[PDB]
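# Close look at the chain arrangement
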Amino acid sequence: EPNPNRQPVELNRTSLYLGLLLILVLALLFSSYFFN
Amino acid sequence: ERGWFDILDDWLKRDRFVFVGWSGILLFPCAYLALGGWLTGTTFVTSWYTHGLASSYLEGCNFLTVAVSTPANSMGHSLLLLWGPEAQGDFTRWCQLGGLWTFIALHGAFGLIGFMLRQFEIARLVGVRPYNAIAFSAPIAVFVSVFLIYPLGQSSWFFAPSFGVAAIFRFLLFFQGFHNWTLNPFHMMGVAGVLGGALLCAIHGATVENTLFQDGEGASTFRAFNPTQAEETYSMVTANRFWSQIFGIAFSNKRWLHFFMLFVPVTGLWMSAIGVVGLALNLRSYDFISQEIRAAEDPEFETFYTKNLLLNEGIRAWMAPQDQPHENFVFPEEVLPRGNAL
Amino acid sequence: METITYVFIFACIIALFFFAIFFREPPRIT
Amino acid sequence: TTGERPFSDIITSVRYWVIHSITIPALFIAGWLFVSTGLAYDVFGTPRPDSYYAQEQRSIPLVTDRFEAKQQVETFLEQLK
Amino acid sequence: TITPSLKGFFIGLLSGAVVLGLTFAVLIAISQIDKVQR
Amino acid sequence: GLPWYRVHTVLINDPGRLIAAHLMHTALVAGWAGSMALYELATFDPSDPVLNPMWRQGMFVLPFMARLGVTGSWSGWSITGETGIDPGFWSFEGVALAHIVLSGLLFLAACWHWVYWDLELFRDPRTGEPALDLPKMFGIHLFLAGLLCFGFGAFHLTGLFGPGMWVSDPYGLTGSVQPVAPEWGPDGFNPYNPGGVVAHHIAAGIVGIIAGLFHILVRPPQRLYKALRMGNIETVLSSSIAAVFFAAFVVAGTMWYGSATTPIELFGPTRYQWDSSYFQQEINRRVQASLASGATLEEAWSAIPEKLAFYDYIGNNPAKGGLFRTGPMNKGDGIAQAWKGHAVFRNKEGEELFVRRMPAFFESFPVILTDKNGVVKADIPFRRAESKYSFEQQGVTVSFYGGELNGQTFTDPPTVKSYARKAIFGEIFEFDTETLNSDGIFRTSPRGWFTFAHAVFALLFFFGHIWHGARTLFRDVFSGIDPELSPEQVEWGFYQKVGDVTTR
Amino acid sequence: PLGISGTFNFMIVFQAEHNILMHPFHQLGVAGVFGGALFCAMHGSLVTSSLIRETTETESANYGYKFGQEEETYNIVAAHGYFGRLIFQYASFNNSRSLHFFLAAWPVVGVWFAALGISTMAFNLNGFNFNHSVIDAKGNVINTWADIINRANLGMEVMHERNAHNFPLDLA
Amino acid sequence: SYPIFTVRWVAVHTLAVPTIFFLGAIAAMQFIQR
Amino acid sequence: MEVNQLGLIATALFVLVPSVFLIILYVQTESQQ
Amino acid sequence: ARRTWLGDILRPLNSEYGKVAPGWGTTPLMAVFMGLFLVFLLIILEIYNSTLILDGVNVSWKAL
Amino acid sequence: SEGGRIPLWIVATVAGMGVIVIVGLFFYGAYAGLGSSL
Amino acid sequence: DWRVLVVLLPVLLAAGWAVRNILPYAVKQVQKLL
Ligand code: CLA
Ligand code: CLA
Ligand code: CLA
Ligand SMILES: C=Cc1c(C)c2cc3nc(c4c5[nH]c(cc6nc(cc1[nH]2)C(C)=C6CC)c(C)c5C(=O)[C@@H]4C(=O)OC)[C@@H](CCC(=O)OC/C=C(\C)CCC[C@H](C)CCC[C@H](C)CCCC(C)C)[C@@H]3C
Ligand SMILES: CCCCCCCCCCCCCCCC(=O)OC[C@H](COP(=O)(O)OC[C@@H](O)CO)OC(=O)CCCCCCCCCCCCCCC
Ligand SMILES: CC1=C(/C=C/C(C)=C/C=C/C(C)=C/C=C/C=C(C)/C=C/C=C(C)/C=C/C2=C(C)CCCC2(C)C)C(C)(C)CCC1
Ligand SMILES: CC1=C(/C=C/C(C)=C/C=C/C(C)=C/C=C/C=C(C)/C=C/C=C(C)/C=C/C2=C(C)CCCC2(C)C)C(C)(C)CCC1
Ligand SMILES: CCCCCCCS[C@@H]1O[C@H](CO)[C@@H](O)[C@H](O)[C@H]1O
Ligand SMILES: CCCCCCCS[C@@H]1O[C@H](CO)[C@@H](O)[C@H](O)[C@H]1O
Ligand code: OEX
Ligand SMILES: [Ca+2]
Ligand SMILES: [Cl-]
Ligand SMILES: [Cl-]
Ligand SMILES: [Fe+2]
Ligand SMILES: [Mg+2]
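Residues numbered from 1 in each chain as written, not as in the entry; some residues may be left out. Chains lettered and ligands numbered in written order. Part of a larger assembly, values for the part shown. Heavy atoms only, no water.

Method of determination for the deposited model, per the PDB record: X-ray crystallography, at 2.25 Å resolution.

Extensive coverage of helix α1 (residues 4-12) of chain B is indicated by the burial of seven of its nine residues. Those residues of α1 of chain B that sit buried are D6, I7, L8, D9, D10, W11 and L12 of chain B. If you follow the buried residues of α1 of chain B, they end up packed against α2 (23-44) of chain B, α1 (4-33) of chain E, α6 (222-228) of chain F together with α1 (7-29) of chain H. (Buried < 20%, exposed > 50% of the residue type's maximum accessible area, 1.4 Å probe, protein only. Helix = DSSP H or I, 4+ residues; strand = E, 2+ residues; numbered from the N terminus. Contact = heavy atoms within 4.5 Å.)

Bringing the site of ligand 10 into the picture now. Residues and elements named next belong to chain G. The environment of ligand 10 is made up of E17, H160, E161, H165, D170 and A172. Measuring from an oxygen atom of ligand 10, one finds a side-chain N or O atom of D170 at 2.6 Å. Of the residues assigned to the shell around ligand 10, the class counts are one nonpolar, two polar and three charged. (Near = heavy atom within 4 Å. Polar contact = N/O pair within 3.5 Å; in protein donor to acceptor, adjacent residues only side chain to side chain. Nonpolar A, V, L, I, M, F, W, Y, C, P; charged D, E, K, R; others polar.)

When the UniProt feature table is mapped onto this chain numbering, "binding site: heme" sits at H13 of chain H. By the element assignment, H13 of chain H lies in helix α1. Among residues more than four places away in sequence, those in contact with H13 of chain H are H20 of chain D together with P18 of chain H. A distance of 2.7 Å separates a polar side-chain atom of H13 of chain H from the backbone oxygen of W9 of chain H. (UniProt positions renumbered as here; feature names shortened; annotations may be inferred.)

Our focus in this paragraph is the coordination of the magnesium atom of ligand 3. Donor atoms from the protein around the magnesium atom of ligand 3 number only one, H468 of chain F (NE2), found at 2.2 Å. Along the chain, the position of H468 of chain F falls in helix α15 (residues 446-473). (Donors = N, O, S within 2.8 Å, 3.2 Å for Na, K, Ca; no water.)

A full pass over the atoms with the stated rule returns 51 salt bridges over all chains. A salt bridge links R97 of chain G to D215 of chain B, with the shortest nitrogen-to-oxygen separation between them at 3.9 Å. With one member in each of two chains, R97 of chain G in helix α4 (residues 96-121) and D215 of chain B in the loop between α9 (185-209) and α10 (236-247) form a pair that bridges those chains. Residue classification places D215 of chain B among the partly exposed positions, given a relative accessible area of 42%. (Salt bridge = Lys/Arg side-chain N within 4 Å of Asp/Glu carboxyl O.)

Turning to a nonpolar patch on the surface, a few remarks are in order. Taken together, the side chains of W74, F89, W90, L97, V101, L105, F107 and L108 of chain F define a hydrophobic patch exposed on the protein surface, amounting to about 860 Å² of accessible area. Considering the arrangement of structural elements, one finds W90 of chain F in the loop between α2 (62-67) and α3 (92-115). (Patch = residues over 30% accessible without salt bridge, like charges linked within 9 Å, V, L, I, M, F, W, Y side chains within 5 Å. Areas by Shrake-Rupley, 256 points an atom, 1.4 Å probe, with all protein chains shown as cover.)

A word on the pairing of strand β9 (residues 428-432) of chain F. Residue and element names in this part refer to chain F. Counting buried positions over the five residues of β9 gives four, a clear majority of the element. Here five bridges tie strand β3 (residues 335-346) to β9, and the two strands are oriented antiparallel to one another. In the sheet register, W339 faces β9, and the bridge partner there is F429. (Pairing = 2+ DSSP bridges.)

Encoded structure:
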C-alpha cells in the first residue's frame, strides 16, 4: 500500500560545505560561553 | 456585487503618484504623526522635568543634541495617553511629562506594521513574491525589541532609547558599561550580519560594474542598458573565474547569490534582537566565571577581558548620578574609581 | 581541555577551506 | 506616467510662483512670530533661559510621582517667584 | 462609579470613533464621485 | 529532490500522516514533561520550604504542578512543609508517571495512523480527493475547547470537583492550594484577583461552546473563504502561529510583572518588588507596630519571619542573573541557612546610618551610608589619601537585631565594613557555599528563565506567522513570477486600478 | 589588538580620548554600513521577489538558473514596478548598471570616511565638543545629552591603563 | 489639461507647509540671547 | 581554569549532531542516480 | 481508501469541503464582535497599566 | 500660467541659494546666543 | 490671546490669496469631475 506523497531529498556538495562552515563557526563562537 | 466596499477598493488601488491602498489608512497617519511628533518635540519640547536636560532647538540644542526624551522613571510603563490620568487632557503638561515619547513609539510601531502591509499589498497587485516584506521583518524585530520589549523588562520607559542622535550614543555607552553588550554573542552575530551585508553590497556592486559587457560605444557605460533587454548585462562566467582565482571560491548561481544577500543582513538583525530581549531582564553576557575565579586569586593574571570590566566600572560610577537623576545618587569624590593621576 | 577544543574546531575549519576550494563542485557552463 | 501634472511643468509656471511668492514667506513669518512672541514657550511648557531654576536653588524640578505629576510641575512653576 | 479615568477612557473611545468615522466617510464619498472606467 | 528545509511538506495533502506526525509531537512533549518531573524529583530537596524553596533550586515544572494542586510526594512530604501526608495517586510521581504512560500510548497511535494512512474518512465523498473541511473542524475543536475551559473553571478551580489552585497572602508567606470562588464584578479583571481566573474560565468556556456551535452550523461567507484561502490548510497554520505568539507574549508579561497565576512562593519574587522596596516596607511596618506596642528593638526584629526577610534580599531578584550563569540560584550565593539578623549602623555620634541599596542595574556598587535625611555620613573610599568619610574616621559600628546575631555589636572596622558590603544586598543571610561549590555570583530564578524563553519564542514565532501567511496569500507565485508578465501590468498608467486588467 | 576583546578595549578607549561617536566621519561610516546592509537586503529581496518561474514547488528555485546562461533570471521591470509603487516611481532604479554602481558606491564611500575618521583622530582632531554648551540666564550649566556622554567618557578615561599615568593630562 | 488638487497635492503640502513654518521658527531662535 | 565541565560535551554534540545530519543527507544524494 | 466503523460514524463531519454561504454572509456581525473584542482588550490592558483606574480595583499584590 | 516660462536652471539656482542662506544662519547661531557656551 | 492671531494672520492671508488666484480653475476642476 504505497503512499504517493513520498519525495526524494537532496543536499548538494556546496550546501554541505556551507552548512559545515556555519556549524563549526557557531561552535567556535559559543564554546567559550559553554565553558564560561 | 459592486457595493461600496468594492468601489472604495477601486479608489484606494488607483495607479497614482503615491499609491495608497488599504494599508495606507494605517500607514500614512501613523508615519506622519510619528515624524511630526519627532520634529515638533526636537524643535520646541524640553526634557527638564523628566531628565534634567535641555533637548530642543528652542533651548539652544543643535541637530546632534536635540531629542524627544523618554518619560520620567516615575511614570513606569504608562501608556501616557493625552487623556490618561497623568496628563488629564492637558497638552502642555503631557509634553512636559514625556507624552511625546510614547506617542512617537506607539504611532511608529503601528506605522511600521502599515509599511509592511503596504509591501504585501503592492506585491500582491503587481504579481511578485513578497520577499521584500519578509526582509522587512528584521527592522521590525529590532524596533520592537529595543524600543518596547527592552524598557518593558526594565523599571520604566525612562531606560528605553531616547529619539535623538546624541541620546542614542548615550544608549550605546550605557549598554557597554551596564550590560557589557560587546561581549554578547547575539550582538556579535548582528555585527557580522551588518558588516557582512555591507561587504556583499560593495562586492556585488563592484563585480557587476567590472564584468559589464560592452553593449554601447560611449565611455559612460550606464547608457548601454535597456530595462526590457533579455540578456544579462554583465558576465557571470568572467566574474566567477575572477573570484575563484582571487579568493578560491565564487558564486555560480545568481539566484542563490541574491537570496544570500537577503539572508545575511536579515538574519544578523534578528540575532541582535534576541540578545536585546535577554537584556530586558538583565540576562547579560557580562562575565566569564572562570576568568573571575582566577583573577580574584591571582593578582598577576590580566586579560583584555579584565581590562574592559574596569572601563565598565568607570562608566557606571561616573555617569549614573547624572544619567539616573531620580535615583539621587550622591557619590563622594573618595568613592569614585580612578586610576593613578587621572 | 578547553584549549584542545578551541584548536580542534579551528583546525576543522582550515580543513574545510581546503576541500571547499580544491574539491568543490566545478561550475559548468550551459 | 500617473496623470498628475509634471513637477517640472508646475514649478516653472508663473502662476505657481505668483501663488507661492506669498504663501512661502507668509508661513516663514508665522513661524518666526510663533517664537518671537514667546508663544512657543507657553504652548509646549518649555523653560525660558531665566526659568530653569529659582535664583538660589540648584536642584532639578524632577517629576517623582506618577499620578500627581501634573500638580508637581505646577508646584515647581509657582516656586519661580 | 465613573472615575475620572473611566471618563477619560470614554473620551478616548469617542475621539477614535470620530476620527475613524470621518476618515471613512470622506473616503467612501470620494470613491463614489471619482469612479474607475470599465 | 526536496531541499532539506522542505522535507515535512510531504504531509500537506496526507491527513492521516499529518495526524501521525501530530501524534508523535504530542508523545514527545508529554514524554518531556514526565522526564523533566522525574529529574526534578531526583534533585529536589524538600527539607526547607522557608529558605530553600523550589524556586531557589532551579525547579521549572514543579511549580506548575503545585499551582494546580499537586503538592505532595508518595514518600510523604509536601511542598508546604507537612510530613506524614498521603497525596493519593496524584502525587508529583503519579503525575510524572501518567505523562510517561500517555507518551507511550500516543507513540503506538502514531504508528497506526502512519501505516493506515489511506482512510476513507480523509477523502471528499464527491471527488475522492484528500480533503479536510477546516471550517467545520474549527467549530468542533472550538466546541471541545469551550467545554474543557468551562469544566476547568467550574469544577477544578472552584473545588466543586477538584483541588482549586495555589493562593497566598500579599507577601507570599502562607501559600496553599484552596478552592477559589469566581469574582463576577469588575475586580475580576484585576490580574491579582484569583477569583477573576475562575470567572474567566467559566465565562469564556460558555462563549466558546456557543461560538463552537455557530462555527459547526454556519458556513463561511464566500468572500471570507476566498480572501483567507480557507481551503488551504496553511492558512490555519498562519493564524494559529499568530494566536500562539500572542499568547506567548502574554504569559511572558504576567510572569515578569506578577499575577495571581504566577505566585512568588512557586516562581520567586519579581524584580519590581525590589525596585519599590515592597518587602522592606512591610518589614518596617511590623517593626513599628511592635516598637509602638512596647516591645524592645530585639523583640521587634526577632518577630520578623525569616521567610519575609529572605524576600528582602537582592539575591532573589530575578533581574540579577546572567545568560550563561547556569543552574539553580543555590549555585550562586549558596544554600541559605539562616537570617543573620537586621544590621543597624551607627557613627561615633550615635546617629543611625542606612546603607544605600544596590539597584538591579549594577553588577557592582559602592558602599555609601547616609542619615535619615539622605546626607552622606560614611563610605568605603577608593582613593584613601583624601578620604573624609571612612568607617575608621567616622567610628562606624554595626549591631544586629533578630536572627542569629541578635544582640551582638561589632566595632572593628574590617568586620563592620564586611557587613556593610552585604547590606547593599538587603537583609543578610548565612549561606552554605560548600555543598554545591557555589561560586558567589548571582543567577536568575525560574521566573527569569520562563520569561526569557517565552519572549524569545514569541518574537521568533512572529516570523513564522509572516512566512506562512505569505505562503498562503502568494501560493501562486511561490516558484517565481509569471514568465509572460506583460510590462503593461507593471508600468504606470496603462491600468487605472493597479493590477486590474479590466481598467485599461 | 589582534583579538576580540582587545578590539572592544580599543573602541572604548578611543571613545574616551576622541569622542568618536560625535565625529561626523564615524557617523558617515555608520551610514555606510547601516546603508550597505539595508541596500544588500533590498537588492536581494527585490531580485528574489521577481525571479522568473522556472521550477516546480518541490524543488529549489535556485535550479531555475544555470551557470553561463545568456538570459537574465529575473524581471527587473516587475521589480521596478513593485518598488516604484512602494515609494514613488522616480525613487526606483530601472537601470541595472546604475543600480549596481550605487550598491558599490554607498558602502565604499562610507567606509572611506570611517577610515579617515580613525586616521584624522590619530592626529587628535576629535569629535564635536558641546560640553556645557547650553547655559541659562544666570550662567548655570544646563545639561544636554552631550554632557551625559561626557560623563560616560570620563569614566572610561579615568579607569583605562590605571597604573600608566603619573601626570594629570593624558596627552597621548 | 491636468487637475490641480490631487492626492499628490495633499501629500506634498502636509509635508511642505509645516516645514516652512518650522524653518521660520528655528530661524528666529538664532537671535535668542540668554 | 575552573571552566564548566559540561562545556566539553555541549560543544561536542553541538558540532557533531548537526554535522552528521548534513553528511547523511549529502551522501545519500550522491548515491542516487 | 479503507473504511472503518469509526470512519463511517464520522463521515458526515468531513463531507462539506468547500461549502460557502453566498456573498458577505455574516461578516458584518463578525465585525461587530471584533470591535467589542478590541474594546475588551483595551479595557483589560489599561487596567493592568493603571491608565484605567476603577473604584475598588487595586492592581497590586495587596489584592491577595 | 503655462509651465515653461521661468527656466529650471534659474529656479534651481535661486532655491539653492536660499538653502545656503538658511543653513548658514543655523551655523551662525552655534556661535551666538543660546547654545554658544558663552 | 493676541499672539495666536498675530501668528495665524500671515497664514490666513496666504490661504485667501491662493484661493483668489486658483478659484476659477478650482471650480472648473470640480465641475469637470461632475
Ligand atoms: C488612523 C490610524 C491611527 C492609529 C492606529 C492611531 C493609534 C493611536 N493613537 Mg493616534 N491619531 C490619529 C490616527 C491614529 N492613531 C489621528 C488622525 C490624530 C489626529 C487627531 C491622532 C492623534 C492622537 C493623539 C493626540 C493621541 C493619539 C494616541 C494614539 C494611541 C492610543 C489610541 C487609543 O487609545 O484610542 C482608542 C480608540 C479606539 C481604539 C477607537 C475604536 C472605536 C471602536 C472600534 C468602535 C466602538 C466605539 C463606540 C462607537 C463608542 C462608545 C463610546 C461610549 C461608550 C461613550 C494609539 C497608538 C494617544 C497616544 O499616542 O498616547 C501617547 C494620544 O494621546 N493619537
Ligand atoms: C521553556 C524552556 C525552559 C526554561 C525556561 C527552563 C528553565 C530552567 N531549566 Mg530546564 N530544560 C528544558 C526547558 C526549559 N528549562 C528542556 C527542553 C530540557 C531538556 C534539554 C531542560 C533540561 C534541564 C536540565 C538537565 C536542567 C535544567 C535546569 C533549568 C534551570 C536553569 C536553566 C539554565 O541554567 O539555562 C542556561 C541557559 C542557557 C545557557 C541558554 C542557552 C542559549 C542557547 C544555547 C543559544 C543557542 C543559539 C543558537 C545556536 C543560534 C542559532 C543562530 C542561527 C539560527 C543563525 C531553569 C529553571 C537546570 C536546573 O537547575 O535543574 C534543577 C538543570 O540542571 N533544564
Ligand atoms: C506550529 C508550528 C509549525 C508547523 C506545524 C510548521 C510547518 C512547516 N514549516 Mg514553519 N515555521 C514555524 C512554525 C511551524 N512550521 C516558526 C515559528 C518559524 C520561524 C522560525 C517557521 C519558519 C519556517 C520557514 C522559513 C520555513 C518553514 C517551512 C515549514 C514547512 C516545512 C518544514 C520542514 O520540513 O523543516 C525541516 C527542518 C529540519 C529538517 C531541521 C530544522 C532544525 C531546527 C532549525 C532546529 C531544531 C529545533 C528543535 C529540534 C525543536 C525545538 C522546538 C521548539 C518549539 C522549542 C512545514 C509546513 C518551510 C516551507 O515553507 O516549505 C515550503 C520553510 O522554508 N517554516
Ligand atoms: C538606522 C538604520 C536604518 C534606517 C534609518 C532605516 C530606514 C528605512 N528602512 C526602510 C526600508 C528597509 N530597510 C530594510 C533592511 C534594513 N534596514 C536597515 C536599517 C535602517 N533602515 C538594516 C540594518 C537592514 C538590514 C536587514 C529593508 C528590506 C527595507 C525596506 O523594504 C524599506 C524601504 O523601502 O527601503 C528603501 C525605509 C522604511 C520607510 C518607512 O518605514 O516609512 C514609514 C515611516 C514610519 C512607519 C515612521 C517610523 C517611525 C520610527 C519607527 C520611530 C520614529 C523615528 C523618528 C521620526 C526619527 C528619530 C531619529 C533619531 C533617532 C535621530 C526607511 C528608508
Ligand atoms: C567624481 C568624484 C567621485 C569622488 C568619490 C568617488 C565615488 C565613486 C567611486 C566609488 C567606487 C566604487 C567601486 C567601483 C565601482 C565602479 O566600477 O564604477 C563604475 C562606474 C561606471 O564606470 P564608467 O566606465 O561607465 O564611467 C567611468 C569612467 O570610465 C568615465 O566614463 O563609475 C562611475 O560611475 C564613476 C562616477 C564618477 C562621478 C561620481 C561622483 C560621486 C560624487 C557624489 C558626492 C559624494 C559626497 C558624499 C558626501 C557625504
Ligand atoms: C506631534 C503632535 C501632532 C502633530 C504635529 C505634526 C504633524 C507636526 C508636523 C511637523 C513637521 C512636518 C515639521 C517639519 C519640519 C521640517 C524641518 C525643520 C526641516 C528642516 C530641513 C533642513 C534644515 C534641511 C537641511 C539639509 C539637509 C538635511 C540635507 C540637504 C541639505 C540641507 C542642508 C538643506 C498633533 C497636532 C497631531 C497632535 C499633538 C502631537
Ligand atoms: C512505548 C510504551 C511505553 C513507554 C513509554 C516511554 C518509556 C516513553 C518515554 C518517553 C520520553 C523519555 C520522552 C522524552 C522526550 C524528551 C524530549 C522530546 C526533549 C527534547 C529537548 C529539546 C527539544 C531541547 C532543546 C534545547 C536544547 C537541547 C538546548 C537549549 C535550547 C533548547 C531548549 C531549544 C509504555 C510502557 C508507557 C506503555 C506503552 C508502550
Ligand atoms: C506501575 C508501577 C507503579 C506503582 C505505583 C504505585 C503507587 S500507588 C500510591 O502509593 C502510595 C504509597 O506511599 C500511597 O500514598 C498512595 O495512596 C497510592 O496511590
Ligand atoms: C570577614 C568575613 C566575616 C565577616 C562577615 C561577612 C558577611 S556574612 C558572610 O558572607 C558570605 C558571602 O560573602 C556568606 O557565604 C556567609 O554565609 C556569611 O556568613
Ligand atoms: O597607551 Mn594606550 O591609551 Ca592613548 O592616552 Mn595615553 O596612551 Mn595610554 O593613555 Mn589614554
Ligand atoms: Ca540676561
Ligand atoms: Cl585599558
Ligand atoms: Cl604620565
Ligand atoms: Fe544583482
Ligand atoms: Mg545660538
